[PDB]
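Below is one structure, written out as structure tokens; the observations come after it.
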Amino acid sequence: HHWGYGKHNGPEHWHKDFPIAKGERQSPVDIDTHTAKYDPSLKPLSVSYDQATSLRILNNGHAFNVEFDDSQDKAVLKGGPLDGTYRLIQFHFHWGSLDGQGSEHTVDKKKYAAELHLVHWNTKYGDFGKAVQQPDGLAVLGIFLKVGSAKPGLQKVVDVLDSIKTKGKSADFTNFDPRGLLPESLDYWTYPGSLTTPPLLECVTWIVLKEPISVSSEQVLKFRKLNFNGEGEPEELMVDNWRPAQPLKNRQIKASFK
Ligand SMILES: COC(=O)c1ccc(Cl)c(S(N)(=O)=O)c1
Ligand code: NA
Ligand SMILES: [Zn+2]
């Protein structure tokens, strides 16, 4: 009876295994655009993904991760609200059973069809597993997906998904360029938060881009053909793998713009 996204093991249940679920800086949150504070001292985000080395794509039973070689400073996030340098380790998405839901963060209560998370760890902690035990260990760049025109830089990911349909399947996945997943603007909101999945550790500086990317209905349909179950088990489509918005509590969301 491990955690997941069903009636009996989904978000409302996670606090029994992971009591920090009811903690003081949980994510995601609703971003109330009117009450976010513009902070003119926030720096432009620096996304340096030119030397990124993707290695592999994995169905982990909750999402799929595209993993990167994070053993050198090849794909790094810095600037923005951050002090220091954070290395990209993986990205993944959360998405819905329908186009009207799927994102974890919301914007004035609006749900997007999906949300991309590019996960980075602070180099001062040497690796991801040590970083997650620190309050400034991770920086996650969140990007909303709306359904409309296709995102051409996504199609390499969608095309490989049939090879990793079930939990535990992986495939080599080299030379994927995550710059093809970015919107034109790097304007962002930022706040301190947590992992959105167990163990829900309070180690994340969230950086959520204002501008969504558009993906086609065919692209998101392929995400919904994935399976949360392993091969040889009854089919449970991997859909609605999102945690709802959690209480803001004693936090202020900052804007880099307007
Ligand atoms: C199964 O998802 C994860 O274990 C996981 C690990 C790291 C992070 Cl930062 C995230 S998320 N959704 O980006 O907060 C998710
Ligand atoms: Na395919
Ligand atoms: Zn995520």
Side-chain angles (χ1 to χ4, degrees), residues 1-6 8-15 17-18 21 26-31 57-66 90-119 140 142-151 153-155 157-171 181 183 194-198 200 206 208-209 212-235 237-246:
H1 201 263
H2 279 305
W3 74 269
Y5 299 93
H8 294 285
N9 66 356
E12 298 318 278
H13 292 272
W14 289 354
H15 70 101
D17 272 344
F18 302 96
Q26 292 286 295
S27 289
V29 297
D30 179 57
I31 298 165
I57 189 171
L58 169 68
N59 178 336
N60 66 16
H62 308 286
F64 62 86
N65 292 348
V66 170
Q90 53 107 321
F91 69 77
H92 60 273
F93 298 85
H94 304 263
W95 61 89
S97 58
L98 310 144
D99 300 343
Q101 64 195 45
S103 65
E104 294 205 307
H105 295 87
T106 56
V107 180
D108 293 335
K109 301 293 180 111
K110 173 184 173 78
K111 298 171 160 170
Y112 287 88
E115 186 173 331
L116 165 59
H117 286 162
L118 293 130
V119 178
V140 184
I143 300 177
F144 296 119
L145 278 63
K146 65 178 184 169
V147 173
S149 68
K151 190 68 163 173
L154 179 66
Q155 190 60 32
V157 170
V158 159
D159 275 339
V160 84
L161 295 181
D162 70 303
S163 76
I164 58 149
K165 182 185 180 162
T166 49
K167 176 168 77 145
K169 295 199 70 181
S170 55
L181 298 176
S194 70
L195 305 199
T196 70
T197 60
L200 300 170
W206 277 95
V208 179
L209 295 190
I213 59 167
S214 296
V215 303
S216 66
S217 56
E218 294 89 352
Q219 286 180 322
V220 68
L221 276 176
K222 289 196 181 155
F223 287 13
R224 299 182 183 130
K225 290 183 80 174
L226 291 166
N227 280 191
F228 286 124
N229 52 278
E231 179 184 11
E233 296 173 358
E235 187 166 29
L237 289 187
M238 183 178 280
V239 294
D240 290 325
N241 58 351
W242 52 273
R243 189 188 194 189
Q246 297 305 305

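Throughout, residue positions are numbered sequentially from 1 according to the sequence presented. Both backbone and side-chain heavy atoms feed into the values below; hydrogens, waters and symmetry mates do not.
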Q: Could you walk me through whether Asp108 and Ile31 pass the side-chain contact (heavy atoms from CB on, under 4.5 Å) test, one step at a time?
A: CA-CA 6 Å; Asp108 293 335; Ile31 298 165; over 6 Å; no
Q) Under the side-chain contact (heavy atoms from CB on, under 4.5 Å) criterion, do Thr197 and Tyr5 qualify, and how do the steps go? A) CA-CA 10 Å; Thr197 60; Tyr5 299 93; 3.4 Å; yes
Q | Working for side-chain contact (heavy atoms from CB on, under 4.5 Å), residues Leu145 and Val220 | A | CA-CA 9 Å; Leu145 278 63; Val220 68; over 6 Å; no
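Annotation: the span from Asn227 atom CG to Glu233 atom CD amounts to 9.5 Å, rounded to 0.5 Å. Taken to the nearest 0.5 Å, the NZ atom of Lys151 stands 5.0 Å off from the CD1 atom of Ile213. Between the CG atom in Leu181 and the CG atom in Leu118 there is a gap of 7.0 Å [rounded to 0.5 Å]. To the nearest 0.5 Å, the span separating NE2 on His105 from CG on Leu209 amounts to 11.5 Å. With values rounded to the nearest 0.5 angstrom, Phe91 atom CZ is found 13.0 Å from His117 atom NE2. Between atom CD of residue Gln90 and atom CD1 of residue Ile57 there is a gap of 11.0 Å, rounded to the nearest 0.5 Å.
Side-chain contact between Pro244 and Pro11 is present, with heavy atoms from C-beta onward closer than 4.5 Å. Contact check for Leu58 versus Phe64: no side-chain heavy atoms found under the 4.5 Å cut-off. Residues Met238 and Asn241 have side chains in contact (heavy-atom distance under 4.5 Å, counting atoms from C-beta outward). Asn9 places a side-chain heavy atom less than 4.5 Å from the side chain of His1. Side-chain contact between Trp206 and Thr196 is present, with heavy atoms from C-beta onward closer than 4.5 Å. Looking only at side-chain heavy atoms (C-beta outward), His15 and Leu200 stay at 4.5 Å or farther from each other. With a 4.5 Å cut-off on side-chain heavy atoms, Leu154 and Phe93 count as touching.
In this model, a donor atom of one side chain and an acceptor atom of the other lie less than 3.5 Å apart for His94 and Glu104. In the model, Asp30 has a side-chain atom that pairs as donor or acceptor with a side-chain atom of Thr106 under 3.5 Å. In the model, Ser103 has no side-chain atom that pairs as donor or acceptor with a side-chain atom of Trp242 under 3.5 Å. For the residue pair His8 and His13, no side-chain donor N or O sits within less than 3.5 Å of a side-chain acceptor on the partner. No hydrogens or angles considered: nothing links the side chains of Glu235 and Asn229 as a donor-acceptor pair under 3.5 Å.
A ring pair (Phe, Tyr, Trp, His ring centres under 6.0 Å) with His62 holds for exactly one of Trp3, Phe228, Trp14, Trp95; it is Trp3.
Nearest heavy-atom pair across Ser27 and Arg243 is O-NH1, 2.9 Å. Contact between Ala171 and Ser163 at its shortest, heavy atoms only, is CB-OG, 3.7 Å. The minimum heavy-atom distance linking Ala150 with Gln219 is given by the pair CA-OE1, 3.5 Å. The shortest heavy-atom contact between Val147 and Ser217 is CG1-N, 3.6 Å. The two residues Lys146 and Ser214 come nearest to each other via the heavy atoms CE-OG, 3.1 Å. When all heavy atoms are compared, the tightest approach of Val29 to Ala245 is C-CB, 3.9 Å.
The main-chain N or O of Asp99 is never found under 3.5 Å from a side-chain atom of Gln101 such that the two would form a donor-acceptor pair.
For the pair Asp240 and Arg224, the salt-bridge criterion is not met [side-chain N within less than 4.0 Å of a carboxylate O].
Cation-pi geometry between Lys110 and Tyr112 is met: the NZ or CZ atom falls under 6.0 Å from the ring centre, inside 45° of the normal.
Few gaps surround NZ on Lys169; more than 12 heavy atoms of other groups in view lie less than 6.0 Å from it.
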